[PDB]
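Remarks on the overall topology
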Amino acid sequence: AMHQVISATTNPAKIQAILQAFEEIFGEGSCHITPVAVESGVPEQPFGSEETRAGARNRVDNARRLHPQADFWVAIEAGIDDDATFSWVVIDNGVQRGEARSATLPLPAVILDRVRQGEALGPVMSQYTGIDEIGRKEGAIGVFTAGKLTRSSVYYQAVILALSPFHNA
């Protein structure tokens, strides 16, 4: 038997975080991840924590509508707030929901000035660093931490944390 985990994203950094976290909690080889492209119903990279979480919740709901027979539906939505980037993780098993926010990454003013004329962080960071599609790789996190952390390793903790309701009490 396997836990069917629908990942509401095709971004490889996010899929890695989800797979590794689910395997750590439920065991190696226990989970099958199906990546799906679904809409959040709002623009990519919401401004504000609550709005970002709303995007993630919307993605989970839409993933459930698309793949109703699975065991878990998971989204990781990146947003901006208090001059930082972060993500919300939302996990639903059809009955219970677990949610956690990732650690924040303070952004430099020169990058914030751009995200505040509406630009997505990824493209801005790709121009700043010269690394194409930086958000599918190690991310702004990778760059500013000199590779000591990555998008994936930070999202990993957040997924583990959001999994708490599904294995305690």
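Residues numbered from 1 in each chain as written, not as in the entry; some residues may be left out. Heavy atoms only, no water.

Looking at the method and resolution fields of the entry, one finds X-ray crystallography and 1.68 Å.

The title line of the PDB record says "The crystal structure of hypothetical UPF0244 protein yjjX at resolution 1.68 Angstrom". According to its UniProt record, the protein has this under Function: "Phosphatase that hydrolyzes non-canonical purine nucleotides such as XTP and ITP to their respective diphosphate derivatives. Probably excludes non-canonical purines from DNA/RNA precursor pool, thus preventing their incorporation into DNA/RNA and avoiding chromosomal lesions." (UniProt positions renumbered as here; feature names shortened; annotations may be inferred.)

Now for the layout of surface pockets. The calculated volume of the largest pocket comes to roughly 710 Å³. If you go around the largest pocket, you meet 37 residues; those closest to its centre are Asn11, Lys14, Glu44, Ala78 and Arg151. In terms of residue class, the lining of the largest pocket is built from 18 nonpolar, 12 polar and seven charged. (1 Å grid on protein atoms, 1.4 Å probe; cavity = no way out; pocket = protein on both sides within 12 Å on 5 of 7 lines; lining within 4 Å. Points joined across faces, edges and corners; volume = space filled by probe spheres on them. Nonpolar A, V, L, I, M, F, W, Y, C, P; charged D, E, K, R; others polar.)

Let us now look at the pattern of salt bridges. Taken as a whole and judged by the stated rule, the model has eight salt bridges. Note that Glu77 and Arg59 form a salt bridge whose closest N and O atoms lie 2.5 Å from each other. Here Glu77, found in strand β3 (residues 72-81), pairs with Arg59, found in helix α2 (residues 49-66); they are 18 residues apart in sequence, far enough to count as distant. With respect to class, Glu77 is no different from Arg59; both count as buried. Notably, a salt bridge pairs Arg97 with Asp92, separated by 3.0 Å at the nearest N-O pair. Residue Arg97 is classed as partly exposed on the basis of its relative accessible area, which comes to 28%. Taking relative accessible area as the criterion, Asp92 reaches 10% and is therefore assigned buried. By sharing partners, the salt bridges in this structure join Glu44, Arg59 and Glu77 into a single network. (Salt bridge = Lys/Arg side-chain N within 4 Å of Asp/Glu carboxyl O. Helix = DSSP H or I, 4+ residues; strand = E, 2+ residues; numbered from the N terminus. Buried < 20%, exposed > 50% of the residue type's maximum accessible area, 1.4 Å probe, protein only.)

Here we come to helix α1 (residues 12-26). When the terminal C-alpha atoms of α1 are compared, their 21 Å separation across 15 residues agrees well with the 21 Å that a helix rising 1.5 Å per residue should span. The complete set of buried residues in α1 reads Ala13, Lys14, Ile15, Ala17, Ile18, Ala21 and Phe22. The inward-facing, buried residues of α1 contact β1 (3-7), β2 (31-35), β3, β4 (84-92) and α6 (151-162). Put simply, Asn11 is the residue that caps the front of α1, since its side-chain oxygen is 2.7 Å from the backbone nitrogen of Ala13. (Expected span 1.5 Å × (residues − 1). Contact = heavy atoms within 4.5 Å. Polar contact = N/O pair within 3.5 Å; in protein donor to acceptor, adjacent residues only side chain to side chain.)

All right, on to the UniProt feature "binding site: Mg(2+)" in the protein then. As recorded in UniProt, the feature "binding site: Mg(2+)" lies at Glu39 and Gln69. With respect to the element layout, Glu39 can be found in the loop between β2 and α2. Residue contacts for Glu39: discarding those within four places in its chain leaves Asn58, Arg59 and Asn62. Along the chain, the position of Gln69 falls in the loop between α2 and β3.

A large share of β3 lies buried, amounting to nine of its 10 residues. Pairing between β1 and β3: three bridges, direction parallel. Residue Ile6 lies in a different strand from β3, and its bridge partner there is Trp73. Direction of pairing for β3 relative to β4: antiparallel, over a ladder of nine bridges. Bridging from a neighbouring strand, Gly79 pairs with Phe86 of β4. Taken together, β3 and the strand that follows it, β4, pair antiparallel across an intervening segment of two residues, in which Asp82 is found at a positive phi of about 45°. (Pairing = 2+ DSSP bridges.)

The next subject is the environment of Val60. With respect to the secondary-structure elements, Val60 resides in helix α2. Of the residues examined, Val60 reaches a relative accessible area of 0% and is grouped as buried.

General note: in soluble globular proteins, nonpolar side chains tend to be found buried as a group. Ranked by size, the top nonpolar core spans 35 residues in total, and within it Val5, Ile18, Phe22, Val89, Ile91 and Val159 carry the most contacts. For this core, the secondary-structure elements that each account for two or more residues are α1, β2, β3, β4, α3 (109-115), α4 (121-129), α5 (139-144) and α6. Here this core gets six residues from one element, more than from any other, and that element is α6. Among residues more than four places away in sequence, those in contact with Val5 are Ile18, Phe22, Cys31, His32, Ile33, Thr34, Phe72 and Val74. Judged by nonpolar contacts, the second largest core, of 13 residues, contains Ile6, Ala70, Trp88 and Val90. (Core = buried A, V, L, I, M, F, W, Y, C linked by side-chain atoms within 4.5 Å.)

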